[PDB]
């Protein structure tokens, strides 16, 4: 029972630390062969969005809509994945 207590306590310390660490850790996704790039943190805050002017065309807003949507969703997916990895490492 002693070693279980210490193990659970360690898991609790590790979890509080990884929570902090994940706030600033980031992932990156892009779409359109690098025309759109999205950086998200481990808390799923979008930190940055970079768009190349070649896909910015007021007569083809659907292109940019599609591209933003794909890169944002893939960035959010990667952030979920990073969180799971970090939790797996400490459990």
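Positions refer to the first chain, counted from 1.
Annotation for residue 2: C-alpha temperature factor in the middle third relative to the rest of the modelled chain, per the entry. In the PDB entry, a CA B factor belonging to the highest third of its chain's modelled residues is recorded for residue 23. When all modelled residues of the chain are sorted by CA temperature factor, residue 38 is found within the lowest third. In the PDB entry, residue 55 places in the lowest third of its chain by CA B-factor. When the modelled residues of the chain are ordered by C-alpha B-factor, residue 72 sits in the lowest third.
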